[PDB]
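Peer 1: Quick note on the authors' numbering: the sequence shown kicks off at 471 and runs consecutively.
Every residue gets a Cβ at the ideal spot worked out from N, C-alpha and C, and that includes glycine.
First the structure, then my questions, so here it is.
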Amino acid sequence: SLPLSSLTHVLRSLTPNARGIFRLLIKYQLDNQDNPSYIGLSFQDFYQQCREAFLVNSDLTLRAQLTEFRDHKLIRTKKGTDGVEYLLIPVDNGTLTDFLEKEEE
């Protein structure tokens with residue numbers, strides 16, 4: 471797993487909204503970490519959530535952003551029973567927690 475400081479270093483060269491996007495995805499993973507049936511959010515679901523937080527306004531920009539995240543190994547996808555891609559972050563949840571506690575006091 472990637473350490474907190476490498477994670478921060480990747481994120482600091484992105485835009486404010488990209489950081490928001492990543493934090494929103496963290497929050498979903500951490501809030502559901504004790505549920506073995508949570509396998510992540512679909513793109514359409516996450517897109518709508520990002521749109522409601524004024525983090526993104528097009529399919530295109532979100533998709534570009536997730537693709538950049540994947541190349542940095544900050545997202546992974548897993549196909550559901552339905553053939554739909556579900557989004558998770560392949561970083562230890564302790565590290566992700568520490569990240570949120572720094573990104574606000």
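Does the region 521-530 come close enough to the region 476-483 to have 3 or more Cβ pairs within less than 8 Å?
Peer 2: Too few Cβ pairs lie closer than 8 Å, so no.
Peer 1: Report all residues from its chain with a CB closer than 6 Å to the CB of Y517; omit the five preceding and five following residues, and keep chain order.
Peer 2: If we look at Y517 and ignore the five residues flanking it on each side, its Cβ neighbours are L532.
Peer 1: Helix, strand or coil: which one does DSSP assign to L570?
Peer 2: Three-state DSSP puts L570 in a helix.
Peer 1: Less than 6 Å between C-beta atoms, sequence neighbours within five positions excluded: which residues of the same chain meet that for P560?
Peer 2: Excluding positions up to five away in sequence, the list reads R546.
Peer 1: Within its chain, find whatever has a CB closer than 7 Å to the CB of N502; leave out the 5 residues flanking it on each side and keep chain order.
Peer 2: Answer for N502: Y508, listed in chain order.
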